[PDB]
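Okay, here we've got a single chain as structure tokens, the form deposited in one PDB entry, with questions on binding and movement later.
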């Protein structure tokens, strides 16, 4: 009626390592739980993992003299009845600082009615085509990563060049400004004597300096727009990666479900080795 066999239990998951249980309780609501065989592999241990307060609480079930329970008094006939007892009353009884009522079990039957083509050939055929999508899609992401990282280095290299240009410009322009400062007292005396060469030659250096100053600023000016194009192309690569990533998770998650599913229904993975 309620206390059916532990095998025919939605929450009981058998022998799944702790790592698998973590991926199945990750970012789930407070009160999620599932049961599995203790990690030691000894018979009749049945660790209970509960998700309370962001953390994965891990309460152990003791089995002595054909009885089960958390604390010393194992006043319970079987795991199913113990779970159902605490599935209706909060665990504050066992632990005063533990207030959750085993609300959302992680049922293994829910995963069952999401798959299709239960036969042995369609699974391999459908699974084979996902792998083609997975490898081609996965490699697609990896190639973009190379552009994203290679693009990042070029942007940083250009940015440092801009700083160097700024320093160079300030050095050049400051000298020009220093030109007049020093060319204030000698200029009057030079003007008095009608020496065309001194006026022209002084302007000759000054004229050359203006070309250098102007030429340098042009170099920085052009390089900046080159960076902006790189910066723009950089963001675009970021957009593609973000819109590709969830596809990889979705494809890989469904892809592995079938690969794991093939083993469950009495199929040896040697044949799946060549199916790919």
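Positions refer to the first chain, counted from 1. Residues that one form lacks are left out of the comparison. Between two forms, the rigid core is defined as the largest C-alpha subset superposing within 1.5 Å.
Next on the checklist: Given that the flanking residues are present, does residue 203 go without coordinates in at least a third of the other entries of this protein?
Outcome noted: Across the compared entries, residue 203 is modelled every time.
Checklist entry - What about residue 116, is it left unmodelled in a third or more of the other PDB entries we looked at? => result Yes, residue 116 lacks coordinates in at least a third of the other compared entries.
Heads up, the form deposited in another entry isn't pictured, but that's what we're talking about next.
Checklist entry - With the two forms superposed on the core, which of 162, 199, 103, 157 shows a CA shift of 2 angstroms or more between this form and the one not shown? => result With the rigid core fitted, the residue that moves is 199.
Next on the checklist: Given a core-based superposition, decide whether the C-alpha of residue 21 shifts by 2 Å or more between this form and the one not shown.
Outcome noted: Not so; residue 21 is displaced by less than 2 Å.
Item to check | Residue pair residue 110, residue 264 - Cα distance in the other entry, closer or farther (3 Å or more) | outcome: Relative to the displayed form, residue 110 and residue 264 move farther apart in the other entry - a change of at least 3 Å between their C-alphas.
Checklist entry - Listed by sequence position, which runs of three or more consecutive residues have C-alpha shifts of 2 Å or more between this form and the one not shown, the rigid core held fixed? => result In sequence order, the runs that relocate between this form and the one not shown are 183-193, 196-201, 262-269.
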